[PDB]
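Visitor: Return atomic coordinates for the entry below.
(chains A and B)
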Amino acid sequence: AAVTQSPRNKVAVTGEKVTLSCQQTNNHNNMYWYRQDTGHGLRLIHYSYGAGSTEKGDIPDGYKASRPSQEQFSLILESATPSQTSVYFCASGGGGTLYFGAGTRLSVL
Amino acid sequence: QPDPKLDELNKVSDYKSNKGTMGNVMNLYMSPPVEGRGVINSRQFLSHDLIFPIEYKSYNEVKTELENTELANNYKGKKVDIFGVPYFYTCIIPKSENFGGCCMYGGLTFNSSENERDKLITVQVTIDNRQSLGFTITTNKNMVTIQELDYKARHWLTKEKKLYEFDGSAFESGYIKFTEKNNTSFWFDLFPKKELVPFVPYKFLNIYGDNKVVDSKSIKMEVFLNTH
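Guide: Numbers count the residues shown, from 1 in each chain, chains lettered A, B, ... in the order given. The coordinates are given below.
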């Protein structure tokens, strides 16, 4: 696969630290973390233009990110809250093109 | 050079309110430095840079950039050590024939087999002009880049005192000041300009391009930080 996410499903409790991993095989410079919610579609949380780069999207609050290499972009919830329950989608992109992963479902109890 | 006024220091709060992420700067000083001992450049892209065949994580070479050609020629074809802060986004390093890689500024000292006791330097930190601590850094180089010192210092403060965090800092402004034995001094603003969003690494790290070198045994280091 172009883009793989792990885990695919995750149940956490409030206050729990949760990390979602996205790894790509396209050598793309750009990566993105979105979440998908009914009544909003996809909203961009953080993105990255290369290793060591992360920048805020529209809804960055409560999330960190890390792009330790070209291939990997992680989304870090230091202290999970119920408003973070959602389905997360990561994408990689290089000019013209975007590939999306299959989605990660997170429920926070 | 001389010392900064408070109102001229870059503000963490301005960086955040321009939608910047201080984590870009955190990661430069938390991640490991590029290091190479007794290496010789293998090629160049432009005449003011030197490309060195040193390993960093999964990269197999680094381009270091100097402020002008004569500085590059000072080191070209010589045995040097390399110590510096790499960046990747905006790094331009054309292959020997296809574009990205690992880049840095400066970083260079001549390799010396007579260069073997670690020296300790005490970094003096003062916060809000009212509390101090010191910690020490070491290097085994008699002549050391300012970059090496600056990195060793910011790395300790980032890891131990929240100098940079993903979305801000324990501080609002600050600068690191170096004083040479002959008594002259210069400083760097520790924080990014508010206009630098997205963060563009080469514009922050080019302060190291002058490859300023100092004597470990006598250099004085002071950090001054203000909280919000």
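Visitor: Residue B:155: which element?
Guide: Residue B:155 belongs to helix B:146-161 when elements are defined using DSSP states H and E.
Visitor: which residue lies farthest from the center of the chain?
Guide: In the absence of a named chain, this looks at chain A. Residue distances from the centre of chain A (Cα atoms, centre = their mean) peak at residue A:96, which lies 20.5 Å from the mean C-alpha position.
Visitor: Switch to chain B, please.
Guide: Centroid-distance maximum for chain B: residue B:97 at 30.9 Å, with Cα atoms, centre = their mean.
Visitor: That one and residue B:55, how far apart?
Guide: Per Cβ to Cβ, to the nearest Å, residue B:97 is found 22 Å from residue B:55. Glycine gets a C-beta too; all of them are placed from N, C-alpha and C.
Visitor: what sits against residue B:112?
Guide: Neighbour list for residue B:112: B:141-142 [criterion: Cβ atoms under 8 Å, 6 or more residues apart in numbering or on different chains].
Visitor: Indicate the residue of chain A located nearest to chain B.
Guide: Of chain A, the residue with the smallest distance to chain B, taken as Cβ to the nearest Cβ, is residue A:50 at 3.3 Å.
Visitor: was I right about that residue contacting residue A:69?
Guide: No. With contact defined as Cβ atoms under 8 Å, residue A:50 does not count as touching residue A:69 (9.8 Å).
Visitor: Pick out the residue closest to the middle of chain A.
Guide: For chain A, the residue whose C-alpha lies nearest the mean C-alpha position (Cα atoms, centre = their mean) is residue A:33; its distance is 3.1 Å.
Visitor: In contact with that residue: list those residues for me.
Guide: Applying Cβ under 8 Å, 6+ apart to residue A:33 gives the contacts A:20, A:22, A:44-47, A:57, A:63, A:65, A:73, A:75, A:88-90.
Visitor: List just the nearest of those to residue B:75.
Guide: Nearest to residue B:75 among the contacts of residue A:33: residue A:73, at 35.7 Å, using Cβ to Cβ.
Visitor: Look up the closest residue to the closest one, ignoring the ones flanking it.
Guide: Using Cβ to Cβ, 6 or more residues apart in numbering or on different chains and skipping residues adjacent in sequence, the residue nearest residue A:73 is residue A:31, 3.7 Å away.
Visitor: Kindly confirm my reading that that neighbour is in a helix.
Guide: No. The assignment for residue A:31 is strand, going by DSSP: H, G, I helix; E, B strand; the rest coil, so no helix is present there.
Visitor: Which helix or which strand is home to residue A:74?
Guide: When elements are defined using DSSP H and E, residue A:74 is found to belong to strand A:72-77.
Visitor: Run through who's touching that strand.
Guide: Counting contacts by Cβ under 8 Å, 6+ apart, the residues outside strand A:72-77 that touch it are A:12, A:17-24, A:31-33, A:45-46, A:48, A:54, A:62-68, A:84, A:88, A:90, A:92.
Visitor: what pairs with it, and is each one parallel or antiparallel?
Guide: Each strand that strand A:72-77 pairs with, and the sense of that pairing, follows from DSSP bridges: strand A:18-24 (antiparallel), strand A:64-66 (antiparallel).
Visitor: buried residues in stretch A:63-74?
Guide: If you call a residue buried by 16 or more other Cβ atoms under 10 Å in any protein chain shown, then stretch A:63-74 has these buried ones: A:63-67, A:70-71, A:73-74.
Visitor: Quick check: the two most widely separated of those residues?
Guide: Between any two of the buried residues of stretch A:63-74, the greatest separation by Cβ to Cβ is 21.1 Å, found for A:63 and A:70.
Visitor: Checking the nearest residue to residue B:153 once chain neighbours are set aside next. Helix, strand or coil?
Guide: Counting by Cβ to Cβ, 6+ apart, residue B:123 is the residue found nearest to residue B:153 once chain neighbours are left out, at 5.2 Å. Reducing the assignment at residue B:123 to three states with three-state DSSP gives strand.
Visitor: Spit out the contact partners of residue B:123.
Guide: Contacts for residue B:123 (Cβ under 8 Å, 6+ apart) come out as B:134-137, B:153, B:156, B:221-223.
Visitor: Can I get the buried part of these as one PyMOL selection?
Guide: A single PyMOL command selects the buried members of the contacts of residue B:123 (16+ other Cβ under 10 Å):
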select buried, chain B and resi 137+153+156+221+222+223
